[PDB]
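Engineer: Everything below, folded, please.
(chains A, B and C, ligands or ions: 6)
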Amino acid sequence: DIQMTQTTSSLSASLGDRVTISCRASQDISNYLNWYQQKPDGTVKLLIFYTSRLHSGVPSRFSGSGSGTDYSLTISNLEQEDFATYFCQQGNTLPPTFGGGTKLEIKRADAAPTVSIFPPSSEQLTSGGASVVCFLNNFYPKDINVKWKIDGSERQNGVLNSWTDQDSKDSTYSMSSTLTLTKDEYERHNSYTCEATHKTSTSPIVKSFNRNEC
Amino acid sequence: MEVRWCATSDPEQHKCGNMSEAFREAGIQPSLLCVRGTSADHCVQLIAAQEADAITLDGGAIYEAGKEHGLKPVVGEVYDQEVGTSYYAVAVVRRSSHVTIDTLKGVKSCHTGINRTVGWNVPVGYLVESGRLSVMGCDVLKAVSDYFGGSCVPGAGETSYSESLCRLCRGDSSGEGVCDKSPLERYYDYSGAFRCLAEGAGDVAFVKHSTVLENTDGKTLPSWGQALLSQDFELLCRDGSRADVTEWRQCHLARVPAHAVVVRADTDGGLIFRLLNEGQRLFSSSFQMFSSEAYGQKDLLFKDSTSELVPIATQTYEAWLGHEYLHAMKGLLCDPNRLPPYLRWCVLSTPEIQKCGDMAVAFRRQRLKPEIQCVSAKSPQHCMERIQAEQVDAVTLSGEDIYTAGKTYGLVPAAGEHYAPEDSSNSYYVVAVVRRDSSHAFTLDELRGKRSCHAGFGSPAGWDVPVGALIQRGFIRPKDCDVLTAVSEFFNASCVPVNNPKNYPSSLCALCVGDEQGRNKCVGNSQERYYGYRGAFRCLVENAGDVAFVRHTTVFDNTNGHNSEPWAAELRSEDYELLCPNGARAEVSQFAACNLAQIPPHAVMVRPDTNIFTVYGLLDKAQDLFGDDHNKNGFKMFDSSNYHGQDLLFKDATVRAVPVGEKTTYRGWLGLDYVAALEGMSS
Amino acid sequence: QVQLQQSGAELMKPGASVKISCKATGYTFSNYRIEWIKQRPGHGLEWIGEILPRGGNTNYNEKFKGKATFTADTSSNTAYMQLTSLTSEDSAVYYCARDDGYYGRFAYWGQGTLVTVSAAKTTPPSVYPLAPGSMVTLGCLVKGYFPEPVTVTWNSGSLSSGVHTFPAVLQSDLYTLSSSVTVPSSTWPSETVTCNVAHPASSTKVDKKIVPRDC
Ligand SMILES: *[C@@H]1O[C@H](CO)[C@@H](O[C@@H]2O[C@H](CO)[C@@H](O)[C@H](O)[C@H]2NC(C)=O)[C@H](O)[C@H]1NC(C)=O
Ligand SMILES: *[C@@H]1O[C@H](CO)[C@@H](O[C@@H]2O[C@H](CO)[C@@H](O)[C@H](O)[C@H]2NC(C)=O)[C@H](O)[C@H]1NC(C)=O
Ligand SMILES: *[C@@H]1O[C@H](CO)[C@@H](O)[C@H](O)[C@H]1NC(C)=O
Ligand SMILES: [Fe+3]
Ligand SMILES: [Mg+2]
Ligand code: NA
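Structural biologist: Numbering: from 1, shown residues only, chains lettered A, B, ... in the order given. Ligands and ions are numbered 1, 2, ... in the order given. Sure, structure below:
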């Protein structure tokens, strides 16, 4: 097989920019390279075929280039609908092989998370369970860490994170990290904390609660 | 039995006299005497007159000595262990000139001698085929005198065209014996012809491959007050480029037989070889037989190139000279008094009768021999029967009729029609066009199971050639001459439109689409959308088939804006490729190098005995006056406006009539790719 | 226009087999090869194989061979793919695409078909309120449901801005999700905030009012 490698899996840019996504084949593919665009709803469009030819209907901002094993796709005067994932494919030899994708993300000013911690509801406790949810809302860039502390001591077993994709209005990210335990482990401890570390946070952001307090 | 060798000059006699005494001192038997002659041709008469016994001669001289005087070549020369008893002819010019092979008109030339191998027979014999010199009515002397601006041709003294053929000749201290076939004429033989070039008198010289190294690099004869260098000269190649003197193994005009000792048929043969090998064997020491610089000249008795003299098995001029040599001899050489007075053309209609009648008048008024006569025949096939029956002499035939004429009646092409470079309705290339897909690429040999778009049943390019080709190549192997079922079992699905079908396979109509409303599917006319070459090409672009067999022009006429039908409106030619019989793929623009076969232009078929050079010579001289459709000479050979017909005698599309060159046979004219497919279909 | 419409999301047990369809419209079905591609998160796109509907010629990717099988009914303009011996590694989004016949380019793609391989049994979610102890952020915890999806609304869609519903994560064989809403401090304790979670797969909806914790 011919392996297509795409340099970067994620790239950030703002409207009007010139962006270049790049592909690289395991062997000389003699310009038989196609470029596709996939939107978040799983809709796939063909943009360029055979290195540089535009598919009919494709805006001229998209342009293709390359030769040998190195190819690249360029988007001039970036527009709103261009923020999507871009794949490459070779038509040189079967089986056709694709790249891993490159997601174009909207650039924006760095913002800090709005951390909120919630103890288990009485309903879950009376059901024999206990989940402590901590929200980390509207931050940028996507990179962040969460540290769960129980009475000062670290914790990692019951934790599970979930990240959103860029918000439609804010262009920010959010994450939820919940720590699920038995009812009895929760009732054996007092203070609970979630710590958020971000680019903005030269020092972590801590939200905690006492099990004995309302 | 004393052997009286003949000498052609005083230094040749002195060498022979010194060799005789060197022989007897070593007790060589028999004796050797040296009779002196005025020329090489004079000496052959001395041999005929029993006044002399032996002489070494050039091929063209061995020819005439063996014919008009009947002497036999007994011993021959071996120049190199490489070239053996043969040598290569060349045409040489200075570095300070742009004269390539095909640019010799009005060029000053130097020749070794008339009716001589390297300076006349080979250069002129080649020029009639692949240099384009036409000879009309067997007058070779007129042809060469008009072609070259001026020439030095020793031996052409009492000829009609003496002025032109002896213009560059000088010779002798006093300037006497000019243009004589003697070493007297300073520009005679290889040595003199090359000297003619280097002394500025001439611009080209037809000499041996080795004569440039033999007269340069300090080997230049002292008498020529100069010291010529080998890198001041160049050969001319048959391709059309000027190579260097060293690469004569690639750059030569012909491989010709070696010179030989000719004696009378009456005279013993083994006696002459024993005497010479006795000396040659013992002297390789007391006497250098093949060198001759000690006498102030080149090539005395034997050419300096000679390394060894060998016995000859068959002592006849026909066997010694190559069979190829004698064939070129009987064509180029024709008696300008014993040629058929008339050339009888074959006509198949009353308008053809009238055009031919007018053609005979126009030709005769312009004094062009032979005279044309018109004989009517009811069919093109019936013409062939009459031509071979020696009732008719010539006719112009189509590709299919050329095959039947040469294979069944033994006819040969004498001249061919040549169409305009932009015209491609008559002689075109059959190609296999495919979509540009690398991941799904295939070769002309991996066509089994594919979908095929043919133009129509019996279409030359779309059916006859491709199916014929796959049968001969051994991919379609039919049973009981059932070709329809063989192709319908080879391709998974095809579109082969047909009219009046009876047991047509379903597969052969599978891809056809018919009317805009789907009616008339697979019908043999424009009602079927995939009918014809553009339909077959459409069948391909619409992904209905995988390969389309069409003409080289089909893709250009249906892509790049040249067709605004919606299916072809946005097509680009770069999205298509051609499959070659050799296995390669090529861009649509390389059809000349990547085609299945070329549909041959028409050609004039005559009998083998008929001198084809008089036929092309007549047509070329005629077309010089009557070829161009707007000539002011009162006849148009390639137009039929004056008659109630079209394509009379020749297709009106003919621009020029051309020589057959080396396609002297029906198979060679039709091409091998084309005959393979035709023969493939016959079974 | 050319359009390939694929079958709906399928949910199979491991070991079972599935048959995805892809009905083609707007062109001659018989002529163009139909490609089949697999998409999994963090695994790019994988070509399973192709079928030319005229004659049924197939080319399968070796890594799939055995698993995938293609057919095409030229009378109904529909191409099929069957996957056998299903496993969680087969849980992916499967597209049919069309080969233009030139440069191996796929100009027209299907919408995709979600295939999910799970031994889990249909289970409705357990919804818990997340209340706290400026702007105020509230939440909803949706635990232990199978299959996806659940739709989370706040006040039956009335509260639309300031909501963050997170992607579900497999707790074991059941899914779990959370959703946050942030409203002006004025509005929550005063005026009601409810969390609506719908699970069509189990025909269950539950509304959960976010009340402040009792002291
Ligand atoms: C050997 O060669 C020499 C050189 O040519 C011959 O010498 C000439 O002889 C003729 C009479 O035979 C004279 O007219 C010339 O004056 C001589 N020339 C020179 C340069 O000497 C010689 O005759 C030859 N020998 C034999 C046996 O024939
Ligand atoms: C030519 O036609 C045959 C029969 O229609 C095609 O055969 C199919 O081939 C695939 C594999 O390529 C098999 O899995 C099917 O079982 C075959 N079907 C039948 C009905 O035999 C064949 O592929 C076609 N060849 C080409 C080159 O397209
Ligand atoms: C060449 O050969 C022919 C043979 O018939 C002869 O008649 C002719 O005169 C020769 N040419 C010359 C100029 O000797
Ligand atoms: Fe010679
Ligand atoms: Mg039969
Ligand atoms: Na004409």
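
Engineer: need the contact list for whichever residue of the stretch 351-500 of chain B sits closest to ligand 1.
Structural biologist: Proximity of the stretch 351-500 of chain B to ligand 1 (CB to the nearest ligand atom) peaks at residue B:369, 52.1 Å away. Placement of C-beta: from N, CA and C, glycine included. Contact analysis of residue B:369 by CB atoms under 8 Å, 6 or more residues apart in numbering or on different chains lists B:136, B:137, B:339, B:618.

Engineer: If we ignore the residues flanking it in sequence, what's nearest the third one?
Structural biologist: It refers to residue B:339. With sequence-adjacent residues excluded and distances taken as CB to CB, 6 or more residues apart in numbering or on different chains, residue B:339 is closest to residue B:138, at 5.8 Å.

Engineer: My read is that the one you found contacts residue B:332, right?
Structural biologist: No: look at residue B:138 against residue B:332 with CB atoms under 8 Å: they stay out of range, at 9.5 Å.

Engineer: Provide the count of other residues in contact range of the residue nearest to residue B:339.
Structural biologist: Counted with other CB atoms under 10 Å in any protein chain shown, the neighbours of residue B:138 add up to 22.

Engineer: does it belong to a helix or a strand, and which?
Structural biologist: Using DSSP states H and E, no element contains residue B:138; it sits outside every helix and strand.

Engineer: Kindly report the residues of chain C close to ligand 1.
Structural biologist: For chain C, no residues are found near ligand 1 under the criterion CB under 6 Å from any ligand atom.

Engineer: any idea how chain C splits into domains?
Structural biologist: Per curated CATH domains, the structural domains of chain C span C:3-117, C:126-209.

Engineer: The longest one close to chain A?
Structural biologist: Yes: contact check for domain C:3-117 against chain A, using CB under 8 Å from any CB of the partner chain: residues in range are C:35, C:39, C:44-47, C:49, C:59, C:61-62, C:93, C:95, C:97, C:102-107, C:109, C:111-112.

Engineer: Tell me the buried residues within the residues you listed.
Structural biologist: Taking 16 or more other CB atoms under 10 Å in any protein chain shown as the criterion, what is buried in the residues of domain C:3-117 next to chain A is C:35, C:39, C:44-47, C:49, C:59, C:61, C:93, C:95, C:97, C:102-107, C:109, C:111-112.

Engineer: among those residues, which are within reach of ligand 4?
Structural biologist: When contact is defined as CB under 5 Å from the ion, these do not meet ligand 4 at all.

Engineer: In strands, which of those residues appear?
Structural biologist: Counting by DSSP state E, these place C:35, C:39, C:45, C:46, C:47, C:49, C:59, C:93, C:95, C:97, C:109 in strands.

Engineer: For residue B:112, state which of those residues is nearest.
Structural biologist: Using CB to CB, residue C:59 comes nearest to residue B:112 of those, at 69.9 Å.

Engineer: dump the residue contacts of the residue nearest to the closest one when sequence neighbours are not counted.
Structural biologist: In space, and not counting its chain neighbours, residue C:59 is closest to residue C:50: 5.2 Å by CB to CB, 6+ apart. The neighbourhood of residue C:50, defined by CB under 8 Å, 6+ apart, consists of C:33, C:34, C:35, C:36, C:58, C:59, C:70, C:99.

Engineer: give the contact list for the fifth one.
Structural biologist: I take that to be residue C:58. Applying CB under 8 Å, 6+ apart, the residues contacting residue C:58 are C:49, C:50, C:51, C:52, C:70.

Engineer: from the residues you listed, which are also near ligand 2?
Structural biologist: Answer for the contacts of residue C:58 near ligand 2 (CB under 6 Å from any ligand atom): residue C:52.

Engineer: which two of the contacts of residue C:58 lie the greatest distance from each other?
Structural biologist: Pairwise distances across these peak at 11.3 Å for C:49 and C:52 (criterion: CB to CB).

Engineer: what does stretch C:184-196 contact?
Structural biologist: With CB under 8 Å, 6+ apart as the test, stretch C:184-196 has contacts from C:127, C:129, C:134-136, C:138, C:140, C:152-156, C:159, C:179, C:181, C:183, C:205-210, C:212.

Engineer: and residue C:34, bridged to which residues?
Structural biologist: In this entry, residue C:34 is beta-bridged to residue C:51, residue C:98, by DSSP bridges.

Engineer: give me the number of residues near it?
Structural biologist: If you count neighbours by other CB under 10 Å, residue C:34 ends up with 25.

Engineer: Is stretch B:531-539 in proximity to chain C?
Structural biologist: No: taking CB under 8 Å from any CB as the criterion, stretch B:531-539 and chain C are apart, separated by no less than 10.0 Å.

Engineer: and that stretch, how far from the chain's centre?
Structural biologist: Relative to the chain's own centre, stretch B:531-539 is displaced by 39 Å; criterion: CA atoms, centre = their mean, to the nearest Å.

Engineer: Just the CA trace of it, in CSV.
Structural biologist: Extracted as CSV, the C-alpha positions of stretch B:531-539 are listed here (Å, rounded to 0.1, in the frame of the first residue of the first chain):
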residue,chain,number,x,y,z
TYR,B,531,-22.8,5.2,-33.5
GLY,B,532,-19.7,6.3,-35.4
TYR,B,533,-16.2,7.4,-34.1
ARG,B,534,-17.6,10.3,-32.0
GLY,B,535,-20.4,8.0,-30.7
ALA,B,536,-17.7,5.4,-29.8
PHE,B,537,-15.7,8.1,-28.1
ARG,B,538,-18.8,9.3,-26.3
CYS,B,539,-19.5,5.7,-25.2
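
Engineer: List the residues that contact the closest residue to ligand 2 within chain A.
Structural biologist: Using CB to the nearest ligand atom, residue A:94 is the residue of chain A that sits closest to ligand 2, at 13.0 Å. Going by CB under 8 Å, 6+ apart, residue A:94 touches B:439, B:440, C:59.

Engineer: roughly how far apart are it and residue A:40?
Structural biologist: Residue A:94 sits at a distance of 30 Å from residue A:40 (criterion: CB to CB, to the nearest Å).

Engineer: Repeat that for residue B:591.
Structural biologist: From residue B:591 to residue A:40 the distance is 49 Å (CB to CB).

Engineer: And residue B:34, by the same measure?
Structural biologist: 109 Å.

Engineer: more neighbours, those two?
Structural biologist: residue B:34 (20 against 11).

Engineer: isn't there a strand covering that one?
Structural biologist: Yes: under DSSP: H, G, I helix; E, B strand; the rest coil, residue B:34 falls within a strand.

Engineer: Would you mind giving the secondary structure of the nearest residue to it once chain neighbours are set aside?
Structural biologist: With CB to CB, 6+ apart as the criterion, residue B:34 has its nearest non-adjacent residue at 3.7 Å, and that residue is residue B:16. Assigned state for residue B:16: helix (three-state reduction, three-state DSSP).

Engineer: check whether stretch B:418-437 contacts ligand 6.
Structural biologist: No: using CB under 5 Å from the ion, we find that stretch B:418-437 stays clear of ligand 6, coming within 9.1 Å at best.
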